[PDB]
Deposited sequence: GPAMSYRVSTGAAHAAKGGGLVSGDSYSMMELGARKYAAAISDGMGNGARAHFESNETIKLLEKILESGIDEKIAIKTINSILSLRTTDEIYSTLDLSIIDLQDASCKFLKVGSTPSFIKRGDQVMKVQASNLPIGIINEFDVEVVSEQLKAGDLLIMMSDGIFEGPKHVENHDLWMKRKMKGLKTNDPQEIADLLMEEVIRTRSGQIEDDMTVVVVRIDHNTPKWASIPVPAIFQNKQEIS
């Protein structure tokens, strides 16, 4: 299975504000990659069901209600497949603010400098029924953040292992960090595994290329 490495550059007419151009990309792990440019809407969007989940996150409804509603939405879906687990991270690229939605633990970690914090909510909702083990979190990322997400297989006290090993990373490169973190989990076995393993890593960085600084004429 081939990988793709991508990159993009975008500039509005009269260097400022909003553009008639749009570009998008999407990757279905190990299967399909798509990229679109349009010169004048979003070329790609979430699932029927993930669209609904996103709308709840986006709303800013209080957290207990969001959890209740997500549970209900999750509640009525095609029994096959049960759509657990779900680990979903949505980064806003204007302010680098990230909303996390988890359905059936994961967990995910944010490495900042040498500090590796786990992605979890400060206030855990109690005194309710949460049948799908739904968790909703809001962190604020900044340039140089490394968000690592993993499945049950690779993740399996495990926080200490991940925390330590993520400090042990001497590289800032996502495709490298992923492969190494895989390597470390596998040699701990010393061979193949019965369970599926996937890890994705995302690095946040602050777009400041030379052409961005080329000045437009004055009057």
property	result
Deposited-sequence ranges lacking C-alpha coordinates, in sequence order	1 to 4, 45 to 49, 166 to 171, 235 to 242
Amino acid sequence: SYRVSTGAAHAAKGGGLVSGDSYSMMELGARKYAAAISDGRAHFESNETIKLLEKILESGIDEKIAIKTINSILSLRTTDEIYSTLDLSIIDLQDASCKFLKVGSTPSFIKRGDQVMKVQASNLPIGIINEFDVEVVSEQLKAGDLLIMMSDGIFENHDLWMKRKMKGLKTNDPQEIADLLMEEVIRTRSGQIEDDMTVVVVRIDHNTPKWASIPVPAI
From here on, numbers count along this sequence of modelled residues.
item	value
Stretch exceeding the other in mean C-alpha B-factor - 182 to 190, 45 to 53	182 to 190
Stretch with the higher entry mean CA B-factor, where the candidates are 13 to 21 and 204 to 212	13 to 21
Among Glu58, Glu176, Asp39, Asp152 - the residue whose C-alpha B-factor is largest in the record	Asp152
Candidate set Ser89, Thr79, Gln94, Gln140 [ranked by C-alpha B-factor, highest]	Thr79
Chain third (lowest, middle, highest) by recorded CA B-factor, residue given as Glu135	lowest
Where the record places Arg164 (Cα B-factor, split into thirds across the chain)	highest
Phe109, C-alpha B-factor rank within chain (lowest, middle or highest third)	middle
Third of chain Cα B-factors occupied by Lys68	middle
